[PDB]
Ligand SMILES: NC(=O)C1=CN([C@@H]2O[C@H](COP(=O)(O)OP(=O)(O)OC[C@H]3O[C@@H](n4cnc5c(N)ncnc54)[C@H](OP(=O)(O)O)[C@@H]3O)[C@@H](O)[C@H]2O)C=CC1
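Given as structure tokens, the chain that follows is alone and in the form solved without the ligand.
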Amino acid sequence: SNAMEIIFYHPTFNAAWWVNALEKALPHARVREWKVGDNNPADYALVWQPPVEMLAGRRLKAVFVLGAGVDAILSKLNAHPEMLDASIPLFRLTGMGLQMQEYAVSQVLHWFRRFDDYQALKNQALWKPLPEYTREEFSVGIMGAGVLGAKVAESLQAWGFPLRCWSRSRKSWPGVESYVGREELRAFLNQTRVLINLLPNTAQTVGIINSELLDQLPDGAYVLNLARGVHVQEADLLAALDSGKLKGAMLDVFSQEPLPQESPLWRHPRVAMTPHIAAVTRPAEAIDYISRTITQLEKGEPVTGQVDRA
């Protein structure tokens, strides 16, 4: 023919910027942003929250999901077996431990040094040095196995906080007490001052952070949600913040995103919020991965990052 055709679709990224970087990364490719009504052939598709008509009936060499988190797309494909011929390989971008570390280390220290309290004191123009928290009473509990959790634990134990992790599978991270299964969840929660959620999702963790879990945390605890919005029952979180069970929370993810303006979370004085930016893959990195993987496919070499479509 024989030009390589690539199509690109993202709900909120700058298509122009991505099309460009892609053109320079794969100079021998024709890249174009996909728009409704575009049924001209393509060899590779780069997508996030793609509509059905973009991929339905397409013959493609591969689809690249623009982000980690294949749960959303897999369910659209599984609820629409007709959206992507099941023989087409699907890929995902996780090398973002650093980003998580930055976020968690900043906030855990922020809370440890009572900057949240000091900000409230500032807003009342009240000079009041507060009692200091001991490292011993400031235990960190990470929920979730996987590199992100492992990286976050590593970076926090370096500051001397007691660390514990909880997962369904038994684990052995250096300098961390490992708790396993719903059987050991209470023991884990009882001893955790700062609860950090880094669970990849599961049917078995939906709404896991609800009142039944919050009740086992010691009073004056904190919740840092870096995993999935559906892991937190928002009404229960707010109730725990209002009763004093929780001193504070920081949430990067929400049950519904963008979080509707109507949500009271926006309004709570002891909730901090970030619009799902804890760890985004740098486009340069994303582009390097995608171009590298396309090259391996064109040459029949081994690839990495393929998502099994169980």
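Residue indices: 1-based, along the sequence shown. Between two forms, the rigid core is the largest collection of C-alphas that superpose within 1.5 Å.
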Next item on the list: Count up the deposited residues without coordinates from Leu93 to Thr94 and drop the result into none, 1 to 3, 4 to 9, or 10 or more.
Entry: 1 to 3
Notebook entry, point to check: Going by the B-factors listed in the PDB entry, is the mean over the C-alpha atoms higher for 108-116 or for 172-180?
Noted result: 172-180
Item checked: 204-212 set against 124-132, stretch whose average Cα temperature factor tops the other in the entry -> 124-132
Check: From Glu102, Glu234, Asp85, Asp71, which pick has the Cα B-factor that tops the rest in the entry?
Finding: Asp71
Notebook entry, point to check: So among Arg282, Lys61, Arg58, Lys245, who wins on Cα B-factor in the entry?
Noted result: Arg282
Notebook entry, point to check: Of the three thirds of its chain by CA temperature factor, lowest, middle or highest, which one includes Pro218?
Noted result: middle
Next item on the list: Ordered by C-alpha B-factor within the chain, which third holds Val36? Give me lowest, middle or highest, please.
Entry: highest
Next item on the list: Sort the modelled residues of this chain by their C-alpha B factor and say whether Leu189 lands in the lowest, middle or highest third.
Entry: lowest
Note to self: Test of reading the entry: by CA B factor among the chain's modelled residues, which third contains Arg267?
What the structure shows: middle
Check: Lowest, middle or highest third: where is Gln261 by Cα B-factor in its chain?
Finding: highest
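Only in words, not in the display: the form solved in complex with the ligand, which the text now covers.
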Margin query: Take the pose in the deposited bound form, superimpose it on this chain at the site, and classify the pocket for the ligand as open or blocked using 3 ligand atoms within 2.4 Å of backbone or C-beta as the minimum for blocked.
Written below: blocked
Next item on the list: Find the only residue in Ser106, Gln204, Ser87, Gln124 having a heavy atom within 4.5 Å of the ligand in the deposited bound form.
Entry: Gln204
Next item on the list: Could you check which residue among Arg186, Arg92, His110, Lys76 gets a heavy atom within 4.5 Å of the ligand in the deposited bound form?
Entry: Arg92
Note to self: Is it the case that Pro162, even though its partner is missing from this view, gets within 4.5 Å of the ligand in the deposited bound form, heavy atoms only?
What the structure shows: no
Next item on the list: Please check if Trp166 has a heavy atom lying within 4.5 Å of any heavy atom of the ligand in the deposited bound form.
Entry: yes
Next item on the list: Determine whether any heavy atom of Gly220 comes within 4.5 Å of a heavy atom of the ligand in the deposited bound form, and answer yes or no.
Entry: no
Note to self: Can you tell me whether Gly141 touches the ligand? I mean in the deposited bound form, with a 4.5 angstroms heavy atom cut-off.
What the structure shows: no
Check: Can you say which of 242-250, 265-273, 22-30, 64-72 gets within 4.5 Å of the ligand in the deposited bound form, counting heavy atoms only?
Finding: 64-72
Note to self: Does the ligand, in the deposited bound form, lie within 4.5 angstroms of each residue among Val147, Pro200 and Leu226, using heavy atoms as the measure?
What the structure shows: yes
Check: Once you align the rigid core, which of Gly37, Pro275, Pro264, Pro269 turns out to move its Cα at least 2 Å between this form and the one not shown?
Finding: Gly37
Notebook entry, point to check: If we fit on the core, is the Cα of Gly248 displaced 2 Å or more between this form and the one not shown?
Noted result: no
Notebook entry, point to check: Is it true that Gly181 shifts between this form and the one not shown by 2 Å or more at the Cα, once the core is aligned?
Noted result: no
Notebook entry, point to check: Do you see a C-alpha shift of 2 Å or more at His80 between this form and the one not shown, with the core held fixed?
Noted result: yes
